[PDB]
Amino acid sequence: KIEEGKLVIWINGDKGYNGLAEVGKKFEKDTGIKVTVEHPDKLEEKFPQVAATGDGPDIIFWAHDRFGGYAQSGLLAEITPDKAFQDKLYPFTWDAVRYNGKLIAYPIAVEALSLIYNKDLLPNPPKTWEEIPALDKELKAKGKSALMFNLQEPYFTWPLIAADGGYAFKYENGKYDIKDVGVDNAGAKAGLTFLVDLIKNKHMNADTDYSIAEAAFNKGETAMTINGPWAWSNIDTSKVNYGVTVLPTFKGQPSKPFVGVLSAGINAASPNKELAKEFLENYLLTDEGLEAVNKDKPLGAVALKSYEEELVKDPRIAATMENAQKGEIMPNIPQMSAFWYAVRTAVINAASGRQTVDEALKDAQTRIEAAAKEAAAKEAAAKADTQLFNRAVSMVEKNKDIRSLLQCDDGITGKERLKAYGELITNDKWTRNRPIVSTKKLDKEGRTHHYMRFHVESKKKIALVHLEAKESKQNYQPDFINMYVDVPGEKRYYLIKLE
């Protein structure tokens with residue numbers, strides 16, 4: 001599995017991994033602990049496959065939004081920074097790395113869309129979306145436009161749509177409410193309507209996508225575009241005299257771009273959790289640490305206050321951090337896929353006049369709520385089944401007779417650690433080759449029974465445990481009414497035998 005006594009770190013090949021490697025060598029110099037940095041191809045796909053077997057890196061670096069899913073699968077450890085350390089990062093970044101209310105990664109860098117403008121077409125950019133029409137009209141006579149950006153992808157149009165009160169999923173008390181979706185409220189309707197009216201009034205074109213906006217800006221045809229730090233390179237080569245600044249407000253409210261937080265999580269299967277904490281808190285998240293990474297490849301804006309204040313000597317970075325501080329942290333739940341698809345259709349439909357704004361957003365709202373509802377139900381069922389499993393596993397593994405049937409090696413170093421896991425089945429969508437699930441049926445009195453089966457394994461036996469639980473009517477928590485264990489070569493053992 002994961003080598004104890006050393007650190008293996010996974011980070012994407014587009015980050016400053018050589019800078020990170022140098023931080024590791026300083027860690028090694030000081031502590032004697034070796035740090036190995038790798039940047040495997042498709043690491044965000046590999047990590048869940050590998051960490052589910054107990055393998056993988058000790059530390060994984062990736063955008064925060066994938067981590068919620070990782071945490072659901074039980075792949076990430078809860079981290080434990082003290083308040084003193086948390087105080088060293090911008091408060092808003094900690095809201096990006098929570099699951100079930102708990103902290104599950106360290107924020108490293110921060111990324112958001114900004115307004116990018118051409119200084120030779122627009123020496124002072126507008127601070128307000130409401131300013132853009134009059135501005136475009138004056139620019140049009142000069143044969144140029146005010147603004148072109150990607151309208152095909154809701155990531156780019158969201159900042160305006162969310163400004164007056166739209167939101168993806170509501171975040172409250174350190175968690176998301178996936179059934180609370182803010183796509184069809186007055187605020188989202190107002191923002192999209194404004195966008196639609198920019199198009200109706202010929203100030204923008206519905207067809208405009210990423211490459212069209214990029215080439216339009218970098219050839220001086222339009223005064224402004226909306227884009228992120230990844231685009232700055234191509235602008236430099238274009239030799240446009242450009243500036244990067246705060247996104248325009250709408251109805252007095254800041255635009256709310258989605259914020260992405262590069263984060264470092266700790267593999268729940270790692271035996272080096274304390275070493276990882278030391279490395280991340282005391283070596284990487286320092287001015288010296290981030291600077292080493294940043295010199296290899298720019299991190300952009302960072303979560304660490306002391307170093308971000310150094311970096312803002314590049315005004316483009318100060319603009320990124322400003323938009324991120326006013327933006328919407330991208331929710332770290334898997335259901336964002338439903339959000340992306342539904343809102344993409346809504347915006348395309350509204351922008352091209354295929355549907356009214358109100359109809360478009362209402363359909364989007366309904367599609368997301370349907371997806372959230374099914375997910376929430378599956379989530380509640382799995383959580384309930386997991387509870388049955390946990391109670392059942394404790395009863396089996398503590399039973400002296402069953403341990404004897406299992407021929408447990410309960411010798412001089414104590415009780416054998418038994419393993420429990422679900423039956424192996426054909427894997428499809430959401431895989432899980434071994435889900436812990438129960439089948440359900442109603443009895444004559446309308447009460448649901450749950451039927452579950454799972455394995456308990458010692459070195460000498462793999463046993464099958466069968467249970468039947470009957471839901472109360474009630475004082476919470478279902479009662480087990482039948483539970484037995486079939487150990488190969490042995491007579492069935494009844495923990496509870498239904499009469």
# chains A, B, ... in the order shown; residues from 1 in each chain; ligands from 1

call {"tool": "residues_around", "arguments": {"residues": "segment 456-471 of chain A", "least_positions_apart": "2", "cutoff": "10 Å", "atoms": "only C-alpha atoms", "output": "PyMOL selection string"}}
result
chain A and resi 388-389+392-393+396-397+402-403+405-409+416-423+438-443+447-454+473-490+492-498

call {"tool": "residues_around", "arguments": {"residues": "segment 203-214 of chain A", "least_positions_apart": "6", "cutoff": "6 Å", "atoms": "only C-alpha atoms", "output": "list in words"}}
result
residues 148, 149, 150, 151, 152, 351 and 352 of chain A

call {"tool": "write_last_selection", "arguments": {"atoms": "N, CA, C and O atoms", "output": "PDB file, in the first residue's frame"}}
result
ATOM      1  N   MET A 148     -17.224  40.917 -25.803  1.00  0.00           N
ATOM      2  CA  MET A 148     -17.501  39.587 -26.325  1.00  0.00           C
ATOM      3  C   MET A 148     -16.929  38.563 -25.354  1.00  0.00           C
ATOM      4  O   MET A 148     -15.754  38.639 -24.974  1.00  0.00           O
ATOM      5  N   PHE A 149     -17.776  37.631 -24.919  1.00  0.00           N
ATOM      6  CA  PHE A 149     -17.323  36.503 -24.109  1.00  0.00           C
ATOM      7  C   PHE A 149     -18.158  35.254 -24.408  1.00  0.00           C
ATOM      8  O   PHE A 149     -19.163  35.330 -25.122  1.00  0.00           O
ATOM      9  N   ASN A 150     -17.743  34.114 -23.866  1.00  0.00           N
ATOM     10  CA  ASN A 150     -18.355  32.827 -24.203  1.00  0.00           C
ATOM     11  C   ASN A 150     -19.779  32.707 -23.645  1.00  0.00           C
ATOM     12  O   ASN A 150     -19.965  32.593 -22.447  1.00  0.00           O
ATOM     13  N   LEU A 151     -20.787  32.722 -24.511  1.00  0.00           N
ATOM     14  CA  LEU A 151     -22.170  32.622 -24.038  1.00  0.00           C
ATOM     15  C   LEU A 151     -22.723  31.189 -24.068  1.00  0.00           C
ATOM     16  O   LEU A 151     -23.877  30.967 -23.705  1.00  0.00           O
ATOM     17  N   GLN A 152     -21.909  30.229 -24.503  1.00  0.00           N
ATOM     18  CA  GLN A 152     -22.385  28.863 -24.738  1.00  0.00           C
ATOM     19  C   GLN A 152     -22.301  28.018 -23.495  1.00  0.00           C
ATOM     20  O   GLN A 152     -22.852  26.925 -23.434  1.00  0.00           O
ATOM     21  N   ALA A 351     -31.062  32.776 -24.664  1.00  0.00           N
ATOM     22  CA  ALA A 351     -30.224  33.676 -25.453  1.00  0.00           C
ATOM     23  C   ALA A 351     -30.609  33.702 -26.935  1.00  0.00           C
ATOM     24  O   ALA A 351     -30.575  34.753 -27.574  1.00  0.00           O
ATOM     25  N   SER A 352     -30.961  32.539 -27.471  1.00  0.00           N
ATOM     26  CA  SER A 352     -31.319  32.419 -28.881  1.00  0.00           C
ATOM     27  C   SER A 352     -32.815  32.597 -29.120  1.00  0.00           C
ATOM     28  O   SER A 352     -33.289  32.382 -30.231  1.00  0.00           O
TER      29      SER A 352
END

call {"tool": "residues_around", "arguments": {"residues": "segment 177-194 of chain A", "least_positions_apart": "4", "cutoff": "8 Å", "atoms": "only C-alpha atoms", "output": "PDB file with C-alpha atoms, in the first residue's frame"}}
result
ATOM      1  CA  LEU A 160     -24.246  37.978 -14.302  1.00  0.00           C
ATOM      2  CA  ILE A 161     -27.105  35.534 -13.746  1.00  0.00           C
ATOM      3  CA  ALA A 162     -26.210  35.050 -10.085  1.00  0.00           C
ATOM      4  CA  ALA A 163     -25.446  38.721  -9.296  1.00  0.00           C
ATOM      5  CA  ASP A 164     -28.952  39.779  -8.234  1.00  0.00           C
ATOM      6  CA  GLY A 165     -29.579  36.659  -6.167  1.00  0.00           C
ATOM      7  CA  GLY A 166     -29.235  33.452  -8.198  1.00  0.00           C
ATOM      8  CA  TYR A 167     -27.367  30.493  -6.691  1.00  0.00           C
ATOM      9  CA  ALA A 168     -26.576  26.862  -7.584  1.00  0.00           C
ATOM     10  CA  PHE A 169     -27.169  25.020  -4.314  1.00  0.00           C
ATOM     11  CA  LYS A 170     -27.732  26.836  -1.051  1.00  0.00           C
ATOM     12  CA  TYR A 171     -24.782  26.698   1.364  1.00  0.00           C
ATOM     13  CA  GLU A 172     -25.712  26.934   5.066  1.00  0.00           C
ATOM     14  CA  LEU A 198     -28.056  42.766 -24.496  1.00  0.00           C
ATOM     15  CA  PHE A 250     -25.546  44.421 -11.781  1.00  0.00           C
ATOM     16  CA  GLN A 335     -25.077  16.952  -8.436  1.00  0.00           C
ATOM     17  CA  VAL A 343     -28.430  25.694 -16.848  1.00  0.00           C
ATOM     18  CA  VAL A 347     -29.106  29.902 -21.174  1.00  0.00           C
ATOM     19  CA  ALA A 350     -33.100  31.972 -23.615  1.00  0.00           C
ATOM     20  CA  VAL A 357     -36.343  33.479 -19.788  1.00  0.00           C
ATOM     21  CA  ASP A 358     -39.043  32.466 -17.298  1.00  0.00           C
ATOM     22  CA  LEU A 361     -35.164  28.878 -15.969  1.00  0.00           C
ATOM     23  CA  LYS A 362     -38.241  27.094 -14.640  1.00  0.00           C
ATOM     24  CA  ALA A 364     -33.819  24.222 -15.470  1.00  0.00           C
ATOM     25  CA  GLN A 365     -35.015  24.487 -11.870  1.00  0.00           C
ATOM     26  CA  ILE A 368     -32.084  20.012 -11.139  1.00  0.00           C
ATOM     27  CA  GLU A 369     -34.661  19.421  -8.358  1.00  0.00           C
ATOM     28  CA  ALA A 372     -31.348  16.278  -6.393  1.00  0.00           C
ATOM     29  CA  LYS A 373     -34.458  14.478  -5.155  1.00  0.00           C
ATOM     30  CA  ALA A 376     -31.071  12.639  -1.779  1.00  0.00           C
TER      31      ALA A 376
END

call {"tool": "residues_around", "arguments": {"residues": "residue 73 of chain A", "least_positions_apart": "4", "cutoff": "9 Å", "atoms": "only C-alpha atoms", "output": "list in words"}}
result
residues 48, 52, 68 and 69 of chain A

call {"tool": "write_last_selection", "arguments": {"atoms": "N, CA, C and O atoms", "output": "mmCIF file, in the first residue's frame"}}
result
data_model
loop_
_atom_site.group_PDB
_atom_site.id
_atom_site.type_symbol
_atom_site.label_atom_id
_atom_site.label_comp_id
_atom_site.auth_asym_id
_atom_site.auth_seq_id
_atom_site.Cartn_x
_atom_site.Cartn_y
_atom_site.Cartn_z
ATOM 1 N N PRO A 48 -9.497 8.105 -7.270
ATOM 2 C CA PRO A 48 -10.554 7.315 -6.629
ATOM 3 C C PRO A 48 -10.390 5.807 -6.840
ATOM 4 O O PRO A 48 -10.657 5.047 -5.907
ATOM 5 N N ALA A 52 -9.347 3.589 -3.163
ATOM 6 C CA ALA A 52 -10.393 2.678 -2.714
ATOM 7 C C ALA A 52 -9.831 1.301 -2.353
ATOM 8 O O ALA A 52 -10.509 0.500 -1.708
ATOM 9 N N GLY A 68 -15.621 16.745 -2.735
ATOM 10 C CA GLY A 68 -16.854 16.357 -2.071
ATOM 11 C C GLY A 68 -17.186 14.917 -2.424
ATOM 12 O O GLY A 68 -17.486 14.100 -1.546
ATOM 13 N N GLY A 69 -17.120 14.605 -3.716
ATOM 14 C CA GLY A 69 -17.302 13.246 -4.184
ATOM 15 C C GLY A 69 -16.306 12.278 -3.576
ATOM 16 O O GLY A 69 -16.671 11.155 -3.221
#

call {"tool": "closest_residue", "arguments": {"among": "A:215, A:8, A:63, A:195", "to": "residue 330 of chain A", "atoms": "only C-alpha atoms"}}
result
A:63

call {"tool": "residues_around", "arguments": {"residues": "residue 243 of chain A", "least_positions_apart": "4", "cutoff": "7 Å", "atoms": "only C-alpha atoms", "output": "JSON list (two decimals) with C-alpha atoms, in the first residue's frame"}}
result
[["chain", "number", "residue", "atom", "x", "y", "z"],
["A", 116, "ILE", "CA", -10.32, 41.78, -19.21],
["A", 117, "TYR", "CA", -10.14, 45.03, -21.15],
["A", 118, "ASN", "CA", -8.18, 46.68, -23.95],
["A", 119, "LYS", "CA", -6.60, 49.87, -22.60]]

call {"tool": "residues_around", "arguments": {"residues": "segment 233-242 of chain A", "least_positions_apart": "4", "cutoff": "12 Å", "atoms": "only C-alpha atoms", "output": "number ranges by chain"}}
result
A: 115-125, 211, 213-225, 227-229, 298, 315-316

call {"tool": "write_last_selection", "arguments": {"atoms": "N, CA and C atoms", "output": "compact mmCIF listing (two decimals), in the first residue's frame"}}
result
# COMPACT_ATOMS: atom_id res chain seq x y z
N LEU A 115 -12.86 40.58 -15.49
CA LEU A 115 -13.10 41.41 -16.67
C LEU A 115 -11.75 41.76 -17.26
N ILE A 116 -11.57 41.45 -18.54
CA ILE A 116 -10.32 41.78 -19.21
C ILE A 116 -10.61 42.81 -20.27
N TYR A 117 -9.87 43.92 -20.25
CA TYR A 117 -10.14 45.03 -21.15
C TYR A 117 -8.93 45.50 -21.95
N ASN A 118 -9.21 46.15 -23.07
CA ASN A 118 -8.18 46.68 -23.95
C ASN A 118 -7.99 48.16 -23.64
N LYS A 119 -6.85 48.50 -23.04
CA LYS A 119 -6.60 49.87 -22.60
C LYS A 119 -6.64 50.91 -23.72
N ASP A 120 -6.37 50.49 -24.95
CA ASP A 120 -6.34 51.41 -26.08
C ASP A 120 -7.74 51.65 -26.66
N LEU A 121 -8.69 50.82 -26.25
CA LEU A 121 -10.08 50.98 -26.68
C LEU A 121 -10.92 51.51 -25.51
N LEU A 122 -10.37 51.38 -24.30
CA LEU A 122 -11.13 51.63 -23.09
C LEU A 122 -10.16 51.86 -21.92
N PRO A 123 -9.71 53.12 -21.73
CA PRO A 123 -8.69 53.39 -20.71
C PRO A 123 -9.23 53.15 -19.29
N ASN A 124 -10.50 53.48 -19.05
CA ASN A 124 -11.15 53.06 -17.81
C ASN A 124 -12.40 52.21 -18.07
N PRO A 125 -12.32 50.92 -17.74
CA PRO A 125 -13.42 49.97 -17.99
C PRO A 125 -14.64 50.30 -17.13
N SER A 211 -13.71 30.46 -28.52
CA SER A 211 -12.71 30.82 -29.52
C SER A 211 -13.06 32.12 -30.27
N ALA A 213 -14.77 34.71 -29.03
CA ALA A 213 -14.49 35.80 -28.10
C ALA A 213 -12.99 36.01 -27.93
N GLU A 214 -12.24 34.91 -27.79
CA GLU A 214 -10.79 34.98 -27.65
C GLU A 214 -10.14 35.67 -28.86
N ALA A 215 -10.49 35.25 -30.07
CA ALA A 215 -9.89 35.85 -31.25
C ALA A 215 -10.36 37.30 -31.43
N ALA A 216 -11.59 37.59 -31.01
CA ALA A 216 -12.12 38.95 -31.13
C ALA A 216 -11.36 39.92 -30.23
N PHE A 217 -11.12 39.49 -28.99
CA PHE A 217 -10.36 40.32 -28.06
C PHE A 217 -8.90 40.48 -28.49
N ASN A 218 -8.25 39.36 -28.77
CA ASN A 218 -6.81 39.35 -29.07
C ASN A 218 -6.44 39.94 -30.43
N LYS A 219 -7.45 40.40 -31.17
CA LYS A 219 -7.22 41.10 -32.43
C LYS A 219 -7.78 42.52 -32.38
N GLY A 220 -8.20 42.95 -31.19
CA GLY A 220 -8.59 44.34 -30.99
C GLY A 220 -9.91 44.73 -31.62
N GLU A 221 -10.84 43.78 -31.71
CA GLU A 221 -12.15 44.05 -32.31
C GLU A 221 -13.17 44.45 -31.25
N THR A 222 -12.88 44.07 -30.00
CA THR A 222 -13.77 44.35 -28.89
C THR A 222 -12.98 44.86 -27.69
N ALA A 223 -13.57 45.79 -26.94
CA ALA A 223 -12.85 46.43 -25.83
C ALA A 223 -12.63 45.52 -24.64
N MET A 224 -13.56 44.58 -24.43
CA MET A 224 -13.54 43.73 -23.25
C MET A 224 -13.87 42.28 -23.56
N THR A 225 -13.43 41.39 -22.67
CA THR A 225 -13.87 40.00 -22.67
C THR A 225 -13.93 39.55 -21.23
N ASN A 227 -12.82 36.30 -18.91
CA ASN A 227 -12.04 35.07 -19.00
C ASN A 227 -11.18 34.93 -17.76
N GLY A 228 -10.54 33.78 -17.62
CA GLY A 228 -9.77 33.49 -16.42
C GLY A 228 -8.28 33.52 -16.69
N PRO A 229 -7.47 33.21 -15.67
CA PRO A 229 -6.00 33.32 -15.73
C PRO A 229 -5.39 32.44 -16.82
N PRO A 298 3.12 29.73 -12.02
CA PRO A 298 2.28 30.65 -11.22
C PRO A 298 1.03 29.98 -10.67
N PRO A 315 -1.31 43.30 -10.69
CA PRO A 315 -2.69 43.76 -10.53
C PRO A 315 -3.69 42.74 -11.06
N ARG A 316 -3.26 41.90 -11.99
CA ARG A 316 -4.16 40.88 -12.53
C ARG A 316 -4.52 39.89 -11.44
